[PDB]
Structure formats: C-alpha cells, structure tokens
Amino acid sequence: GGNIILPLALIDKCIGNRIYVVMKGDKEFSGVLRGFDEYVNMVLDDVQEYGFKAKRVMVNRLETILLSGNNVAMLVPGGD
C-alpha cells in the first residue's frame, strides 16, 4: 500500500528546518525546530510570532521558545 507517515515521524523529519506552527487562539509562529516530544511540545529557535490586529501582523521576534503541544492546532513543515 501507500507510504504511511505517522505524525511524530513527520515532526522528526522537521528537525533543523524552519517550520510554521499555528497555535489555538490566533497565535502563529515560524521557527527552526530543535526538539519535540510525544506530547508535541516543541523547541523553536529564531522565531517570528504573528498575530491578528485591526490581518496577519508580526508581533514579536524571539531567540528561543517552547510551544505547548496541548495548545497546538496545526504544523506546516517547510514553513508557510
């Protein structure tokens, strides 16, 4: 049959790459992925955080963050 791509294997392939993470509650990040665990907690470097003010606006740059996997909506490998 097809190739099966498990979720945690997809994320694993993302390490070293700039990814885009959409978090619940209208906050979005672009960052390079350094690690993750089974809960889909992630460590991003070189981050840009985007929000939505009155469309998509950058609201911050940061060196390093942790994003909580309990708060992730969607991840986009390749980063946009």
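One rule holds for the numbers: they count along the sequence shown, beginning at 1.
Among the modelled residues of its chain, residue 42 has a C-alpha B-factor that falls in the lowest third, as given in the PDB entry. Annotation for residue 36: CA B-factor lies in the middle third of the chain's modelled residues. When all modelled residues of the chain are sorted by CA temperature factor, residue 77 is found within the middle third. In this PDB entry, residue 21 carries a Cα temperature factor that places it within the lowest third of its chain's modelled residues. In the PDB entry, residue 68 places in the lowest third of its chain by CA B-factor.
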